[PDB]
Each structure stands twice: as structure tokens, then as C-alpha cells.
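Student: I'd like to ask you about the structure that follows.
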Amino acid sequence: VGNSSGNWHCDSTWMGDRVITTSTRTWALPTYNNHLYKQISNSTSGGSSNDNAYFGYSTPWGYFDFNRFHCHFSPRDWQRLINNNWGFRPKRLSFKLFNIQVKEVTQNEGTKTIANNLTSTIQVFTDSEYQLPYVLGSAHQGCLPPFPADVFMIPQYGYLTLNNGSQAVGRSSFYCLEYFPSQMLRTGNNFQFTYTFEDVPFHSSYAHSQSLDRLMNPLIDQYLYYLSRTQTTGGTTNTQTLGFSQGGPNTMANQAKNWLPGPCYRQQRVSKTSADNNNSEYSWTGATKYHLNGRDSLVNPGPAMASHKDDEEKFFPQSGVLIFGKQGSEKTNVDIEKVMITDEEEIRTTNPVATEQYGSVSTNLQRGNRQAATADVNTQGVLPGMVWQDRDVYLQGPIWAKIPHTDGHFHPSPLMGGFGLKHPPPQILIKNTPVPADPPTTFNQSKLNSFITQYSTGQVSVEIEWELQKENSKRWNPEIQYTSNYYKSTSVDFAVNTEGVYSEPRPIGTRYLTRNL
Amino acid sequence: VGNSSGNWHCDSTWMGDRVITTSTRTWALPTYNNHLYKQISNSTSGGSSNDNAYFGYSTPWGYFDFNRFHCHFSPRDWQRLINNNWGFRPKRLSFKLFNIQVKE
Amino acid sequence: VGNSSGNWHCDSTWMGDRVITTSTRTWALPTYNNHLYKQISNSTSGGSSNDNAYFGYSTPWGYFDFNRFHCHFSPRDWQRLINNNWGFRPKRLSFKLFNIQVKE
Ligand SMILES: CO[C@H]1O[C@H](COS(=O)(=O)O)[C@@H](O[C@@H]2O[C@@H](C(=O)O)[C@@H](O[C@H]3O[C@H](COS(=O)(=O)O)[C@@H](O[C@@H]4O[C@H](C(=O)O)[C@@H](O[C@H]5O[C@H](COS(=O)(=O)O)[C@@H](O)[C@H](O)[C@H]5NS(=O)(=O)O)[C@H](O)[C@H]4O)[C@H](OS(=O)(=O)O)[C@H]3NS(=O)(=O)O)[C@H](O)[C@H]2OS(=O)(=O)O)[C@H](O)[C@H]1NS(=O)(=O)O
């Protein structure tokens, strides 16, 4: 009661090959659903179409979500990681919950009184067996804020199950979170928890300096021929023939290659200048969307592909990018100066542009009378010989995602970026233990529905150790570093304004340093 | 005062030949009879026939009753016990009372 | 000649983490192709289209095929495996052939 449970550690430590980023924050937990598990469906949320239909449950539990890069790295630390390392991956995590206070608010006569209840507890358990629906990795809100000065409130845990419209099917499951071994904590008690990440590939935080279709020696020809000429060129009567040429420094497009660009699933190309777009509502009609059990879902951000070709910054794939929102930006139909559209153009070297055909394939058998026809390949699954890069990471974006427990998954790297994990950091769930108001003086079999209004607060630390892969570039000229532009501004970037509101002006990725292909 | 007395264990463990079902709950105890032992009879409850006649005492004490199968088994655990076993019987019990608060 | 070669084992054993399903059966083997290897083709089977065309050989040999789940599991054993386990895979196999009689 009169002794702190922990201290405030919120700094990074660089040990050459690794970096340990600690981050403490203050949280607040209200009582959700008034301590009840309520069944929710698309009909309770005000009904919807069949594509938006759902069936799940709300629970009285809140959960901690530190699955974003800005909860761990400061804008400076991120820049020191982005400009010097070629890859990075997390090694171990260490979550701690302390300095717990369970305040009891009693609203009597318009006058609000908040007093601490020293004997009240909170339950907090971590599902280490992944027996509960994993909700993190869906890019939801409620993360430790990016700025350490502010306090956040803990999001409410709710899960979904199978549905047939707004109804439940036979296999729909109901999970009671009270059926797990929680750990009651009064003020004075603390919660410590450690976790060590499985072996996941380093995140390639570099761009390639060579294009996958220009990996030859521009001074030498090949010893391999290709159909160069099919028709004797002129006379007056040019006829059918067969001429073969050797690929050379002038026919780089016709040369023979060993590899192919990564897979594709074509996207619609919209312009940031609305005057260049067709005047129709194609936000849903012209979108690329997978079909699953009769209902359509937006492929967004979809698999990994370049945003635009050379010199076309104005164009972005309709769904193929991560769009973050500037500070304070609303929720609905916000305009384009209220969001920050990421630019995945550094992978145009290996991955095909999201808004263009993958290739062209012959669709018939040319003959004396039939001539050579060809089609455009919009969707192209992997093939032996393909090579591609994964989506970037974004200091504001997600860190990991749980690889779904299926018996088949190809290249389980999350489409939103990050590290795909089969055993991701577990979900730390926490709620305020109910404290009933004065019960009747005569026995009533009915469950007590009157409770003492309370909420808890306290601090939370999260230490993560990251393994780095230092850059050993033997390049001669200088590289492209991330730098704060030297020009004078009204307010510093990644700093608080004159009202104390912290804001991240732009989305920072990792691909700055270059490397050969 | 500033330290919990116990934790929340409410799950079953299956060890092949036995199953241990734990179940934690939160209770509330009011003051009964205003701390008095009162003599009760069928006449105090508003009289009755001779078949419903009685004579007993009310006490200020409450009592814990976990004598029902649903206090221990969840509908799923009960189904896993009902579909696979031919018989079952209880072996040992372990009651615990903690995190006590006496509000005024 | 006057002594059996083996016994009839045809039951399953559940050891918690694994199940051993034994299954004995009686077979009969006739003489195929009259002891000859004959070349067969779609034309010998009465000709066909190009999609059904083939070329292979018939042999005088028979072969044992226990590649079906019902050769090992009984409808009850299969239900006891289907309702309680999340996955299963085979670990080892043990084939035995006995009590041979060559009737003429
Ligand atoms: C939409 O369908 C319609 O059009 C399509 C094509 O148009 S499209 O692509 O724009 O959609 C037609 O489909 C194409 O043509 C089909 C067809 O004509 O039947 C068919 O062609 C393939 O098979 C044909 C017959 O082959 S056979 O082995 O079954 O006989 C074939 O044409 C025949 O060529 C042979 C040949 O050149 O050998 C001819 O045989 C003659 O010569 C042989 C050898 O000559 S030699 O000198 O003696 O050595 C002799 O052995 C033979 O006795 C002799 N026959 S004889 O009767 O003239 O005496 C034969 O006569 C020809 O009919 C096609 O080859 S080709 O030579 O015509 O180029 C062959 N395809 S190919 O070789 O890859 O070109 C296919 O289904 C299809 O082929 S395609 O090239 O991909 O287009 C479709 O039939 C038509 N149907 S419709 O809409 O209902 O009218």
C-alpha cells in the first residue's frame, strides 16, 4: 500500500548486435459490459449486408496490445535502426504490470467522489496455450500510445465465431474467460511475464540496387539464342522465315533469365488527384476482393506488390497499400489530406507493380491462317523460379501476426507486414474483479446485478530484445539515409505542438539502405 | 490489506483415470435476522395444514452449498465425462475462502 | 502341417497417446494369367479414345492392399478417435501372413 511495485524504464540500449527497447506507460481500465458476457451480432450493431454479417461475444475483459512499432521505438531509435541495419527481428519479450490502484467512483448528488479501494483486486491472465481467439494482429486500436507522456485506456476483448448471417451455426463456440486461471492483484502486487520468440526470418530492411531483369554483364553477349525474326524483312513480298539472335547488351529484354518476379493479384489504380479518376462509385465495385463462403471481402492490403512505376507518385493501388491516419483524423469519409498513404515502390526490382498486368501469355496456336494471340495475366500464383520481397514495416504499423492454425500455409509472412509467428506473444487479458453492492437481507436465488462502480489504473512496461543484422555495404558512393529535413519549420517533427499534442507527420518505413540482388 | 489472499482457479484437469474440477466464484453475505436466532414455525410463516406444519430456528449464519454438478463441471467437461466414462465418483475435496472484504 | 502358424488378433488397444489397431482376415489367391505376363493395351480391353489409351502389363502376381481406414478401425473405434482426438498419424506397421494352405 505504501510502497511502489516497480520503476519507470522507458529507454533503448544498443549493444552492437542487438537492441533492447523498454517502454513504460500508464493505463486505465473501466468495467466493460458491466461485468457481463453479451452475445453480439451484425443485427445488434444495427444490421448490415451479408458481407458484413457477424456473430461473436463481448466480454468484460480488456487486453493489452503493444503490437505496433511505435510503442517500442522512438522516432530517433527507429532512424538509428533504419539507417544502419540490414535486417532485424525480435528475440525475447518481457511484460510487467505494476503500481496498481483500484479507484472506486461513487456518484452521489451530482458530486463525483473517487476514492481508492485498497482491498479490491483485478484479474490478469495470459493465454500461453492459445486456447482463446487471437485478436491481436488485426491492426486494431488501443495500443500503448507512441508518446510516453500520455495515458491510455485498455480496449475491450470480444471475439467472433462462425455465423450464417446474424445467426450462430452448430460449430459456433462460446469461450468463458473466467474459466482460465487468472491472478488476482491488489494494490501492492505486480504481474511479471516473460516470452521468447521462435526463430523467424530477419525483416529485410534494405532496398535492392539491381532490378531482377537486369542482372547481366552489359558488356558481354550470351551464348544462347532466341527467335529474333519471323518474317523475311522487306523485298516487297516478305514471307515466313526463322531468324535467331544472341541476347546482347542492346537486347537486354530478349536475353535469357533464370528468375521471375514475385506473384501478383492485380489492383485498381486510383490517383491522389481526384480529377484524374473516373466519376463513379467504384470503391467497392472496382475493388479486388476474395470470396469466402459466399461473402466477399476486400483484399487489403493484399499480397506484396510495388505501388507504381517510375515517375508516377500520384497513383496508388486502391487497396494495395497501408493507409495510416494523421493525428486526430476522424473515422469516416475523411479526405486525403487527413491520411498518409504508404509508398511500396522500393520493391519494383523484384515485385510486379500492383496496378499492372503480371505478364502476357499465348492464348492459341499460331498457324498459316491463325495468327499469334496473347492474353494479359492479372492474377499469377507462384511458380518455380519466382523471387519476391515482403511488405515493409512502418514505425506506425504492426509487428507480428499469429499464423493461423491450419495444415497448410505458403510463406506465412503477414500481408500487412511484420513477422508471422505460430506462437506469437500471448494475449494479456485483464479485468476488474466485481465487487457487489449491499445484498438483500433475505435470500434471493437471483445473481447479484448491483455492483460498486470502480476502475483501475497503474503502469505497464514492455521490454523487447531485437536482434540486428548490421550493414556491411562495400558500395563506394553515399547511401540514402532517413533524415529530418534541415529547413526551418514552425514546429519540430515528431514533437509536441504548442498544446501538448504529439504527432507523427509521416509514415516511416525501413527500406533505406540498398543492397545488390 | 494491500495484498491478495488467493488467485482465480476455475478449470478442469484430465489425468486419464481422474479429473480435477476447480471452480472459483465471488460471493456476498448480508447480515441475517439482524444477528438474532429467531424461532420459526408454520404459524409464523402464515399458518398451514398439518402436513406442512413445522418448528425450527433461523440463525444469523449463511452457508456455502456447492452440491450440484454444474458448480463443478462446465457443459463441455460434462460432455467429455458423459461420452467417455462408464462410472465416476468423487475422491477428495478442497474448499478455500479468500479475498475477504467487509464493506460497511 | 499339423500345427497352426499364428493366432487371430483383431482388436484395438488405446494407450492414451496412441492406438494400436490389429486386423486379421482370411484370403484366397487364384492363379492369374495362368502364370503368364501378358502385355495389355487399350486395344486389348476393346479399344478406346485417346484420353483412355494405355499400355501396360498383367502379371501372375496378386498383392495385398490394406490402404483404407475401415480395414483397421471398426465403426466404434473410428468414433472414439473422431470424437476425442484433434489429430492422428500412423507410426509403425506390422504385416504378418500365416496359416497357408495350397489346395489343388
Ligand atoms: C472453332 O472451331 C472451328 O475452328 C477451329 C480452329 O479455328 S480457331 O482456332 O480460330 O477457333 C477448328 O479447330 C482446329 O482445326 C480442327 C480441324 O480442322 O479438324 C483441328 O485441327 C487439328 O486436327 C485436324 C485433323 O487432324 S487429324 O489427325 O484428325 O486428321 C488437322 O487438320 C487436318 O490436317 C491433316 C494434316 O495436315 O495432316 C489433314 O490430313 C491430310 O494430310 C495427312 C498428311 O498429309 S500427307 O501429305 O499424306 O502426308 C493425311 O494423312 C490425311 O489422310 C489427309 N487428310 S485428307 O482428308 O485432306 O485427305 C486433314 O485433312 C486436315 O483436316 C489440324 O492440322 S492442320 O493440318 O489443319 O494445320 C490439327 N491441328 S494443327 O495441326 O495443330 O493445326 C483442331 O481441333 C484445331 O486445330 S488448331 O490448329 O488448333 O486450330 C475446329 O475444327 C472448327 N470447328 S467448327 O467450328 O465446328 O467448324
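A quick note on method: Cβ atoms are made from the backbone with ideal geometry, for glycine too, and the neighbour counts reach across all protein chains shown. Please treat every number below as a calculation from the coordinates, not as lab data.
Student: Over chain B, what per residue volume does the convex hull of the Cα atoms give, in whole Å³?
Tutor: Given the Cα convex hull of chain B, per-residue volume reads 192 Å³.
Student: Which of the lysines could a cross-linker span from A:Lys338 if the Cα-Cα distance has to be under 17 Å and same-chain partners fewer than 8 positions apart are dropped?
Tutor: Of all the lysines, those that pass the test against A:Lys338 - Cα under 17 Å, at least 8 places apart if same chain - are A:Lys272, A:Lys314, A:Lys326.
Student: To continue, here is another question. Using θ = phi - 60° and the Karplus curve 6.51 cos²θ - 1.76 cosθ + 1.60, what whole-Hz ³J(HN,Hα) does each residue of the range C:10-21 get, with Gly and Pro shown as x?
Tutor: Karplus-based 3J(HN,Hα) across the range C:10-21 equals 8, 8, 9, 10, 9, 10, x, 8, 8, 9, 10, 9 Hz.
Student: Also: Under a GNM of chain B (C-alpha, springs under 10 Å), which listed residue has the highest mean-square fluctuation: B:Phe69, B:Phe88, B:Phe55?
Tutor: Comparing B:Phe69, B:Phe88, B:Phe55 in a Gaussian network model of chain B, the most mobile one is B:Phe55.
Student: Using 0.36 nm per residue of separation minus the Cα-Cα distance, give me the extension gain between A:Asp17 and A:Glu109 in nm, one decimal.
Tutor: Working: separation 92, 0.36 × 92 = 33.12 nm, distance 6.06 nm.
In short, 27.1 nm is gained.
Student: So what is the relative contact order for chain A, in percent, with contacts set as C-alpha pairs under 8 Å and at least six apart? Spell out each step's value before the answer.
Tutor: Details: 1044 pairs, mean separation 140.2, N = 517.
Value for chain A: 27 percent.
Student: Could you compute the longest span of chain A free of GluC sites (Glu not before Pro) located in DSSP loops and having at most 15 other Cβ atoms within 10 Å, not counting the site residues?
Tutor: Working: sites that count: A:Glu109, A:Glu129, A:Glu198, A:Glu281, A:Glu312, A:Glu313, A:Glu330, A:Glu479, A:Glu499.
Looking at chain A, A:331-478 is the longest stretch - no exposed GluC sites (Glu not before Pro) with at most 15 other Cβ atoms within 10 Å.
Student: If you count, for each residue, the other Cβ atoms within 10 Å and average over each peptide, how do C:18-31, A:18-31 line up from highest to lowest?
Tutor: Numbers: C:18-31: 10.7, A:18-31: 19.1.
Highest-to-lowest ranking by the protection proxy: A:18-31, C:18-31.
Student: Let me ask you something else. Within the range B:34-104, which trypsin sites (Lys or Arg not before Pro) sit in a loop by DSSP and count at most 12 neighbouring Cβ atoms inside 10 Å?
Tutor: On the way: sites: B:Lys38, B:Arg68, B:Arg76, B:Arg80, B:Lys91, B:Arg92, B:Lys96, B:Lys103; in loops: B:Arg68, B:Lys91, B:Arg92, B:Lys96, B:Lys103.
Answer in residue order: B:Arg68, B:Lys91, B:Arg92, B:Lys96, B:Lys103.
Student: With charges only on Cβ, +1 for K and R and -1 for D and E, what is the dipole size of chain A about its Cα centre, in debye, rounded to 20? Provide the component values of the computation, followed by the final result.
Tutor: On the way: 42 positive and 43 negative charges, 113 e Å.
Once rounded to the nearest 20, the dipole reads 540 debye.
Student: Let me ask something else. Classify chain A as rounded, prolate or oblate from the Cα gyration tensor: take a ≥ b ≥ c as the square roots of its eigenvalues, call it rounded if a/c is under 1.5, otherwise prolate when a/b beats b/c and oblate if not. Don't skip to the answer; put the middle values down first.
Tutor: Values: a/c = 2.48, a/b = 1.84, b/c = 1.35.
Prolate, because a/c is 1.5 or more and a/b exceeds b/c.
Student: Moving on to the next point. Could you work out the per residue convex hull volume over the alpha carbons of the range A:77-153, in cubic angstrom?
Tutor: Values: hull volume 16.3 nm³, N = 77.
Given the Cα convex hull of the range A:77-153, per-residue volume reads 212 Å³.
Student: Report D for the range A:230-297 in µm² per second (integer): Stokes-Einstein, Kirkwood Rh on Cα pairs, 20 °C, 1.002 mPa s.
Tutor: Details: Rh = 18.2 Å.
Result for D is 118 µm²/s.
Student: If you don't mind, another one. Count, for each residue of B:32-39, the Cβ atoms from other chains sitting within 10 Å of its Cβ, then give me the mean as a whole number. List each step's numbers first, then the result.
Tutor: Numbers: counts 3, 2, 1, 0, 0, 0, 0, 0.
Taking all residues of B:32-39 together, the mean is 1.
Student: If each of A:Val169 and A:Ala253 carries a label point 7 Å out from its Cα toward its Cβ, how far apart are those two points in nm?
Tutor: Distance between label points: 4.9 nm.
Student: Under the rule of -39500 (n - 2.57) per DSSP H run of 4 or more residues, summed and divided by the residues of chain C, what mean residue ellipticity at 222 nm is obtained, to the nearest 500 deg cm²/dmol?
Tutor: About -2000 deg cm²/dmol.
Student: Take the Cβ-Cβ distance between C:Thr44 and C:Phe64 as r, set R0 to 25 Å, and report the resulting FRET efficiency rounded to the nearest 0.05.
Tutor: The pair C:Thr44/C:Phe64 has a calculated efficiency of 0.40.
Student: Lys and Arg at +1, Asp and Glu at -1: add these up for the other residues within a Cβ distance under 12 Å of A:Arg92 and post the number.
Tutor: Charge balance near A:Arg92 sits at -1.
Student: Given only helices, namely DSSP H runs of n ≥ 4 each adding -39500 (n - 2.57), what is the per-residue ellipticity at 222 nm of chain A, to the nearest 500 deg cm²/dmol? Intermediate results must be reported in sequence, preceding the final value.
Tutor: Numbers: 1 runs with 8 residues, N = 517.
Using -39500 (n - 2.57) per qualifying helix, the result is -500 deg cm²/dmol.
Student: Obtain the nm distance between the two label points defined at C:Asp77 and A:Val382 by a simple spin-label model: each point lies 7 Å from its Cα along the Cα-to-C-beta direction.
Tutor: Calculated label separation equals 3.8 nm.
Student: Further question on the same structure: Considering only DSSP states other than H, G, I, E and B, which trypsin sites (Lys or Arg not before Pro) in the range A:258-298 qualify as loop sites with at most 13 other Cβ atoms within 10 Å? All intermediate terms of the calculation are to be shown ahead of the outcome.
Tutor: Numbers: sites: A:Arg266, A:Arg269, A:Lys272, A:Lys289, A:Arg295; in loops: A:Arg266, A:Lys272.
Those satisfying the criteria are A:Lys272.
Student: Going down the table (A:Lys91/A:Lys402; A:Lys91/A:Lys470; A:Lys38/A:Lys331; A:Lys96/A:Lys431), which pairs top 22 Å between alpha carbons? Show your work: numbers first, answer last.
Tutor: Details: A:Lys91/A:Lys402 16 Å; A:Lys91/A:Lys470 16 Å; A:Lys38/A:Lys331 25 Å; A:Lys96/A:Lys431 16 Å.
Going by Cα-Cα distance, A:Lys38/A:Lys331 fall outside the 22 Å limit.
Student: Mind giving me the nanometre distance, one decimal, between the label points for A:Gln481 and C:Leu29, set 7 Å out from Cα along Cα→Cβ?
Tutor: 8.0 nm
Student: Sticking with this structure for a sec: Calculate, for A:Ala437 and A:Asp493, the FRET efficiency according to 1/(1 + (r/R0)^6) with r their C-beta to C-beta distance and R0 60 Å; round to the nearest 0.05.
Tutor: Values: r = 51 Å, r/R0 = 0.85.
For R0 = 60 Å, the calculated efficiency reads 0.75.
Student: Next question. Return the average number of partner chain Cβ atoms within 10 angstrom of each residue Cβ along peptide A:183-189.
Tutor: On the way: counts 5, 9, 3, 6, 4, 4, 3.
Rounded to a whole number, the mean comes out at 5.
Student: Other chains near B:21-27: what is the mean number of their Cβ atoms within 10 Å of each residue's Cβ?
Tutor: 3
Student: Then there is this: Fewest to most neighbouring Cβ within 10 Å: what's the order for B:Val1, A:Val200, A:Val501? Working shown, then result.
Tutor: On the way: B:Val1 8, A:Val200 19, A:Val501 11.
Ascending number of Cβ neighbours within 10 Å: B:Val1, A:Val501, A:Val200.
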